[PDB]
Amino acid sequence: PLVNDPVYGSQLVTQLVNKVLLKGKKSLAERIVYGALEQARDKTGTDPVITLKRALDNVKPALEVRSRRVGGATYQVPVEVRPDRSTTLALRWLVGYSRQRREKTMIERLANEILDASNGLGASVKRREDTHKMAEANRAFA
């Protein structure tokens, strides 16, 4: 358990901040995330932690393939994704893909990735879809 963030009382917000943080400066990651959330609020006029959960619903994977040794060879076998990992991945994707967006600032790119994901659009959502598709393709038997 990480802490409930002091503004919204959310552990999801705390983990987002941690995913945005590169090489030390907590203040800068906070500014990016609270900034992004306030932009979401401005756009929708609703609670941005609800927006963020809507994005996470669309981006969290339920199944994935994972490498496993079987009989001395390696196979990528479909497995359930545990809810902690599923959340981590979805945050990693939202952040990662936001970095290739066209908007001018990181605030605006993260906000707009979150907003698009909350509507079932963009690359984070496509990555979920593709993760599930691989899980389905790698079922050994029909």
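Start at 1 with the first residue shown and count on from there.
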Between the two ranges 60 to 68 and 95 to 103, the one averaging a larger CA B factor in the entry
95 to 103
Pick between 78 to 86 and 25 to 33: the one whose mean CA B-factor in the entry is higher.
25 to 33
Please work out which residue in 10, 124, 118, 131 has the highest C-alpha B-factor recorded for this crystal structure.
10
Which third of the chain holds residue 47 when residues are ordered by C-alpha B factor: lowest, middle or highest?
middle
Ranked against its chain, the third holding the CA B-factor of residue 135
lowest
